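Beneath this line is the structure, given in structure tokens, with notes to follow.
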Amino acid sequence: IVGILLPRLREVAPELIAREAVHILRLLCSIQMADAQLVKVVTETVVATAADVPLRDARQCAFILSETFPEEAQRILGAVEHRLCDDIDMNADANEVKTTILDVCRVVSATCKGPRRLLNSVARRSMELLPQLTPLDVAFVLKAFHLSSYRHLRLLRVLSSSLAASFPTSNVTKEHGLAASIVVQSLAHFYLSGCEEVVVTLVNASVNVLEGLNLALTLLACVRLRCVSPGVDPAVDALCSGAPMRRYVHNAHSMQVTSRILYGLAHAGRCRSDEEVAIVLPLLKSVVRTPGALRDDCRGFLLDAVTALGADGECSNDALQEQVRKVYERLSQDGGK
Amino acid sequence: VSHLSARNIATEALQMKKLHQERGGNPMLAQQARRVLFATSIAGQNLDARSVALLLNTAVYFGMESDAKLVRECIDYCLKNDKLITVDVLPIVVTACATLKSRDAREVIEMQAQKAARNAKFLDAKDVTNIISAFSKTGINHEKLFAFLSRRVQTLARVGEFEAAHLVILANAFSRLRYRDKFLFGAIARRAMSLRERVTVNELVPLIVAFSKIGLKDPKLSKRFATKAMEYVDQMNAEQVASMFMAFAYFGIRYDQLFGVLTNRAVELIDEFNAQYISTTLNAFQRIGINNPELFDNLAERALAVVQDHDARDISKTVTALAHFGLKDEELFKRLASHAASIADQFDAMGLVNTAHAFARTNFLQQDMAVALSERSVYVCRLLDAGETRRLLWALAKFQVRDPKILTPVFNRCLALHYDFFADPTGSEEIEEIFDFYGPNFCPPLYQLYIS
Amino acid sequence: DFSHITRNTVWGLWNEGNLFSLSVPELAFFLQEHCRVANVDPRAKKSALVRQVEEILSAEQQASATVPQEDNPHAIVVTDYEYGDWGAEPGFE
Amino acid sequence: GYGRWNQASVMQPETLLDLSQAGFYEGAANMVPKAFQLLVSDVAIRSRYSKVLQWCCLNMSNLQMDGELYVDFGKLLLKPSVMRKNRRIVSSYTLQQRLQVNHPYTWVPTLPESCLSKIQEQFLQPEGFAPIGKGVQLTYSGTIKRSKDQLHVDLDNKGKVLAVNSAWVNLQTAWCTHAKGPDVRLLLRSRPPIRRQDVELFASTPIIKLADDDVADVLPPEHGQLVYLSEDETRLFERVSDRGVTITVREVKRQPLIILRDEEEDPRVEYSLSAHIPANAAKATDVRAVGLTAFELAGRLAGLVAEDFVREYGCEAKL
Amino acid sequence: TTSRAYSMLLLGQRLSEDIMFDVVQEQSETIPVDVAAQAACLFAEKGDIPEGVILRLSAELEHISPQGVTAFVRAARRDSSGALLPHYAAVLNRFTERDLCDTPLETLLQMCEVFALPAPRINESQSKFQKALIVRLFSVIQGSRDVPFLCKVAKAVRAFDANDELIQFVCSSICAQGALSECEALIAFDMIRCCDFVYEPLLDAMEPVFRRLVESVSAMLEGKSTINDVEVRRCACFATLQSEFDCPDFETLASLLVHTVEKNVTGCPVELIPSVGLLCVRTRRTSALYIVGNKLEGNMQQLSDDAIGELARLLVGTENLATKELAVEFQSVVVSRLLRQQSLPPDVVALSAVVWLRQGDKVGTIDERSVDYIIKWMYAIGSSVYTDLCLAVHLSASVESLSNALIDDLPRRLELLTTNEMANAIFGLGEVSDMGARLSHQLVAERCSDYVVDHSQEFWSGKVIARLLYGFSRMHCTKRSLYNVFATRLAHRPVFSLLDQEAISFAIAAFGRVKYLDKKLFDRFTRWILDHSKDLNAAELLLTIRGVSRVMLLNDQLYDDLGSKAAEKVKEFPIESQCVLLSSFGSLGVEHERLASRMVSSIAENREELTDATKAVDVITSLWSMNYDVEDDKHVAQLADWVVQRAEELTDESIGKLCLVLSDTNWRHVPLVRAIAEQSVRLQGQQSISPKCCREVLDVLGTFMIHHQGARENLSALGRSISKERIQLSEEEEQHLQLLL
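Residue numbers (the deposited numbering), protein chains in the order written: chain 3, 146 to 482; chain 6, 58 to 509; chain 2, 45 to 125, 137 to 148; chain 1, 122 to 163, 197 to 473; chain 4, 336 to 456, 466 to 1085.
Take a look at the structure:
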């Protein structure tokens, strides 16, 4: 039905009001039938009438188009930028400004870009209206301030300080595993000192719930956080004692996660105790055991990890060293084309 | 959900009509008026009859007809509401529903005529002229109403009560109505003579025309108007000069001094002649019998200036006027013939036969014109009498045409009217010419009837 | 610019207002072809073209489509001396 | 609203309303002055058909249009609602007005088979003149309904569209009705202008999919709805009477396949006489002999098929 | 001769009407192409370039100096027709760009800045020119390290020519030196604000410098009381730059400085008050109170010339912070500083005039010195400044020189304004120019109409369109094109459905003032109004009732609702508004008893404010047309008696209107009739009465059985020429009638 109607929709589009354009785009994006012909004209209309358009509609269109058409979402967000800043600043409805900052943060995260004029205002209002925000909201805000290469020292420091490890259901929480790591990575992206106790508290309670690629990211962040923050060292010790990490080592199946785990562990220096050997060995085993050419990020991470392991003279394990050398040989052979 | 206020629209359209007919009449204003009037609509509003004849009068002025919805809603409510129409509104309605070809635009007229007959007695001077001029346009045929209105005109004009502009209106309306009365026109002439010098030339000439066009067999008025025309000849233009020429020809009397001063006037206005009324100034001369060649040469000279745009009937009238004492100026004649060939559009059967006959009798034969006229002759021969059929047949014979498709219909028609074909003595000589060409072989029944 | 422009079309517009529904090429072509204009300025925008077209048409009318309801008494008319086909007469039957 | 909203007292008197009613004069059925004729058989009617035709050609000329004169043979069936209170007698003027508002007539252009005995096999053969036709030319004829108007297309048997243009608008329609023979219908038709974009568009997208014997409509739903398709067999003959008068006679045996209404169901065979009236014919050159010539030829052809029309095929209770 | 005018225009001076005539001077050949290009630049602003000038420009492609290149670019970018474009097509971006850096780089900067002009409302040469210029800029700036020079060149190339590479490179070069004093810090901050860019190491390096600057200024609280003027001036400059830029890194400094100044208002120098005020405007600070005023009330003459601009920009925004005395003294200070050398740039004095005009009549008349300065250098006034002047000029009476100057540059100011600013400027002038309604405001109105009807496909907001329409209606330039086109442009589904309580009332009153009703558009407007009819304030009900009644729509529900809504809101309407509302309802005849009953009481109570007695009879007449019985409660009688008491202001038309209402409704008012009679007698005594008025007066007198022999003697002779059938009689008939009597 949509396939038959689309040639007509590409001709009726220029006279579509925004409220209906939202539904049109939602339908064409849910079923993966969005194109580069309806989207261009609908975004042209929504950019032309940005002078007076319901900001709800502009935000909805930007978010919906963010996933598959990042440039059009960026243009829409830029068109209604200053009105959005004024809404963030002067409004009195706490819930509306919360939803607005949250979904504009989602848009910025999706398109991996954001104008600074809006970012200053969203930072200021997020700082002002702090208590109402669920830790998910603060995590999303800091996520948006990451992946956008925008640095705001006061917002980071204030939000982290007020992040007093008051995550929901203190001492046992699963959702914060998807949130806490992000904060750490954000604090890892820049270089701010005064978050070691933060990561310690997060990992001491989230070690039994963190699983999969998450850990790797956290681990890598901690490694970089080891450059300026010493107190993260116990947290790394938590990363080397996680039960999910051990259970993944037993059945290493994801090559990207294994590659990032190796990248973290090589700089962690954990190749000296028997448990460290029993962790490192199966990962290198399954890296070569799984057939096919390794993907580019896997190639780079494995190359760096094996370089750090071979250069590390403290790894006197002959079996592990031979495993590392043959992993490098496989990396070279599969990459010779 | 949005109905334009009809009364205010009427008051606007009156100003628009005044602007359109006083400023010159640019089509932009006409289009604007038609745009505003089309969307106008009488509805559950309660418009009064005074402000309904305005939405109809202005509309019909601006081109609206029964096609629009405004007119169809204004012509109606005149069928149903007739008491509301008083004698002041009646002339406007009647002169509005006159050019309209609908069949309610003719029931309205009759319903109004059934009202003006009863009130033809209780009318003052102005309203009688207005009602008569209104009913002149429709071409109605109610004799009782006309008799009553003539009675009222005579009663009102027994004591001088008509200014020297309503006489022109009344005479023109009655003459166009083709109503022959000696009493009424005698009274009008008496009243016109009473208001001496108030009838200026611009108001004198149409009165002469209206009286001449009615067929009043009498030498009285044609004698009286002579001195007035003689004095007023000084300050009149070419159009009125030619029209008065035609009127004096149709009165049927010969005045030496008036015609002499008319010629002396025309020779001073030869430049302006545009050949649409050269036809009248020539046909009047032909009809009356005067044959003064002083101005014929000047008219011939001016006919060269405008030959490319002679009207169709104008060619017939001028050439048949060039029959009697035609000076055979072939210089103009050849171009007139060529234009007649080129102007071979919708013509008049009488026009065709007269054109061909005048072309043939002057013995200046030409080929293309003859071909065109012979080609056109088939579609009109079914509407010709015996005399004109004979004239057409002789004209064809002098053109030496032997096409069976052209001659069969005319021969059938002339056989259909053989008794009338043979019984006209003035054409007998012509008969001895037509069979001079075709011979006994052509149409044997016609030759057999001719021998007897 | 194409053949769908016709004197009938550019008259049914002029009599309707709405003359601005034709783009610049359409009006330039109308002025060049039908109005016998030497050459329309390519720089000219929509409004100047509309004004020129309206002026040309107004001079082109060259007649009166208004039937006067008045009675002018200075009209010397010497010229004077049904099947129901061309339409559907309203209010009949 | 703001500003000086209390000085709204000065307004120039020279303001007259200038309503705009865009979309008024446009259209396909609202572009020409039309004419109707209810000529009844059993002379003096070929004078009405002369005057009206001449004025219609003059109007076509003054509007800078061109058209062609189309004549064919068939049988009218007026709807039973044309009469009222069961009165068999009605004025020839009131009937001509009755049929001109609703158009309550059904027209069926057809002739009985075995009627080609006279045409091409009698003195009519010379009348038919030269058969310049290239033999039967298998052609499909279809019509499409746009958003606003309709188009007519002729597609060759094996290929892309060969003709695509606007619907016909016929100025003058005359029902020269006969008693027992097939009725004769006269027309002066014209083509509204068509946008080159539309013709190239409908040329680019194939209309139908005539795979094997069966056919189907594969027109994209964004362009129209296929409403009438019929296989045609066409033949042509031409005459030139030293006057550029190309009175062309054409025979078509159409077999309706894609159908909308029950009116057009069974195979039909139709003759047609034609001429050509350009934008210069109405000027100077005679344009009435064409009409009368076509009228006489059509009358003769109707007479020559009088007997077999009321044969085992069909019947006429004209009394 | 043209080079002087070219330099004057480059400085931003306006050119007198005589100067263009003098520079015409029959611009023939035998002159260098540079002079021809300069003349083309001069004539670009004033109308279109003559055909001779464009032809001589085109045909003379012999050799053109970089000054000629600048002139050609400016002429191309300024003209509206695009006359240069054909020849420009051959030599796009001066395709003969063979000229190297041999021309001094300041000429390259002129070439860069002339590109900043917005394009008029085939382009591949732009990329070539910009990339070549970027290469040249890299080469020239590589062999130098002058921080002010680098920042100035980056600002001159701030335009979209470098892909964030030159700036980044320039910032890296600046931060490489490591000797970043306060002067270089301020210059770099200004440059980095102008480009609206953030370079994290640069801000990191600059942060301690401003830290120590603010620390010294804050230490000057009690210690270090020895004042250094340069220190406070630099701190104020930093404050202004931060307020404009709102950097997220330099926010502890700004907050600390505001905290220091707020709680320690004892002896801080005046030079810090304006700039800090800007920091108060940003970041939502109410601390702007008791800082300007309380600390700066009449002693701001101490401010330097450069610091006046910051105070002006502070005053223009946030009108709550500008008072009568502040405005008067600031204008006096600006006038005082205007006369001397090194006078202020035109923007500051223009903003001063704006602040003066915003007050209204609380001040006197604006000094003619300021206006004479503003009209000169008219091209140097910015865009937002022009919009503010146009919006504010209608708030103060007795201003015609400034308005005559304002509505003269609009044809030149067409392509330099955005759509919103165009609507604002035209709506602003649509009051003063309306009061003018002269002949000079006809060419300008027609040219603006042509320009705004050509490019009518870009107006995408309903409010801008409708305010444009209203501004053009209140200028007595009523065409069909400008309303026909914008009637449909206002009807597209995206453009529509954005209208609310405005751009509807404005649109209605701009249609209901030139009488261009559009049936479908108005149907949609009235449907919207009937839907959201509970929330239309005053000044809308008037603006829509007077609009939908000058096009004569009898919407029963619409009128029945607007009448009731205006009945509820009666106090807010002024007297003239009440009279106009009654006239609008009475013109059609749409009776509304509740509206009239609740509305005539207000006019009766406030009777004494009517300008004269004619308006009372106008109220009575237009109250009668609504079929409201004037014989009712005494409220009508009060106005009738008021007319009676001062029945000397009545004129012919007023008496004509009063006689009809007196006669038709059978009103037995005798004193009013006697007043009519006496006033008519004196009017005839002054020989300024019309026969129709006399006839109506005699009619109403006779109808009511009133003799009044004073009027019949000297009025009837005038009053019979209208009602006597003068049947024309000939001279012979006249002498016969004389024989009769």
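We put the beta carbon where it would ideally sit given N, CA and C, even for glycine.
Against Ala-92 (chain 2), what residues of chain 6 qualify as contacts under a CB-to-CB distance less than 8 Å, listed in chain order? Here the premise fails: no neighbours, minimum Cβ distance about 17 Å.
Please confirm whether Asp-303 (chain 1) and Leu-316 (chain 1) have their CB atoms less than 8 Å apart. no
Whole alpha helix (DSSP H) runs in the region 381 to 436 of chain 4 with 4 or more residues, listed along the chain? 386 to 394, 401 to 413 and 420 to 425
Could you check the C-alpha separation between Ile-412 (chain 1) and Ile-298 (chain 1) for me, to the nearest Å? 12 Å
In terms of residue numbering, what span does the beta strand (DSSP E) encompassing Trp-329 (chain 1) cover? 323 to 330
Could you give the uninterrupted runs of the alpha helix (DSSP H) lying entirely in the region 148 to 213 of chain 3, keeping only those of 4 residues or more? 163 to 175, 183 to 193 and 200 to 211
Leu-217 (chain 1): contacting residues in chain 2 (beta-carbon distance under 8 Å): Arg-51 and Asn-52
Work out the CA separation of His-936 (chain 4) and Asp-904 (chain 4) for me, nearest whole Å. If you take the alpha carbons of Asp-904 (chain 4) and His-936 (chain 4), they lie about 7 Å apart.
C-alpha distance - residue 495 (chain 1) paired with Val-225 (chain 1), whole-angstrom precision: The first residue shown for chain 1 is 122 and the last is 473, placing residue 495 (chain 1) beyond what the model contains.
Can you tell me where the alpha helix (DSSP H) holding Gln-72 (chain 6) begins and where it ends? For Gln-72 (chain 6), the uninterrupted alpha helix (DSSP H) segment begins and ends at 63 to 80.
Taking the DSSP output, what are the residues bridged to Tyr-138 (chain 2)? Paired residues: none, contrary to the question.
Spatially closest choice to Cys-1037 (chain 4) from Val-1014 (chain 4), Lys-864 (chain 4), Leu-994 (chain 4) and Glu-1069 (chain 4), by CA coordinates: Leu-994 (chain 4)
Just grab the DSSP bridge partners of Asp-308 (chain 1) for me. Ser-295 (chain 1) and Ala-317 (chain 1)
Name, please, each residue of chain 6 whose Cβ falls closer than 7 Å to the Cβ of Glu-77 (chain 2). The premise fails here: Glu-77 (chain 2) is roughly 22 Å from chain 6 at the closest Cβ pair, so nothing lies under 7 Å.
Per DSSP, cross-strand counterpart(s) of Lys-229 (chain 1): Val-262 (chain 1)
Per the DSSP calculation, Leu-380 (chain 1) is bridged to which residue(s)? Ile-298 (chain 1)
Label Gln-1031 (chain 4) either buried or exposed according to how many other C-beta atoms from any shown protein chain fall within 10 Å of its C-beta, with 16 as the threshold for buried. Under this definition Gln-1031 (chain 4) is an exposed residue.
Local conformation of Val-111 (chain 2) per DSSP, three classes: coil
Please give me, in chain order, every unbroken run of the alpha helix (DSSP H) with length at least 4 that falls completely inside the region 889 to 963 of chain 4. 900 to 912, 919 to 932 and 937 to 949
My output table needs one value for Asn-507 (chain 4): the three-state DSSP class, helix, strand or coil. coil
Under 7 Å Cβ-Cβ, which residues of chain 3 neighbour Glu-376 (chain 1)? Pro-152 and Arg-153
So, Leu-524 (chain 4) versus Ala-506 (chain 4), is the Cβ gap smaller than 8 Å? no
Contact set between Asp-867 (chain 4) and chain 6, taken where Cβ atoms lie within less than 7 Å: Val-58 and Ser-59
In terms of residue numbering, what span does the beta strand (DSSP E) encompassing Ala-1061 (chain 4) cover? Premise fails: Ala-1061 (chain 4) lies in the alpha helix (DSSP H), 1053 to 1063, not in any beta strand (DSSP E).
Which residues in chain 1 have a C-beta closer than 8 Å to the C-beta of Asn-59 (chain 2)? List them in chain order. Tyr-146
Could you tell me which of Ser-483 (chain 4), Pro-552 (chain 4), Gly-708 (chain 4) and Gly-856 (chain 4) sits nearest to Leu-137 (chain 1), measuring between CA atoms? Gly-856 (chain 4)
What are the boundary residues of the alpha helix (DSSP H) that includes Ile-485 (chain 4)? Per DSSP, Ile-485 (chain 4) belongs to the alpha helix (DSSP H) from 469 to 486.
Are the CB atoms of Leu-510 (chain 4) and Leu-547 (chain 4) within a distance shorter than 8 Å? Going by beta carbons, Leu-547 (chain 4) and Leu-510 (chain 4) fall outside the 8 Å limit.
Looking at the strands, I want to know which residues DSSP matches up with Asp-337 (chain 1). Partner(s): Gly-228 (chain 1).
Rounded to the nearest angstrom, what separates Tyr-134 (chain 6) and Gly-398 (chain 1) at their Cα positions? 55 Å
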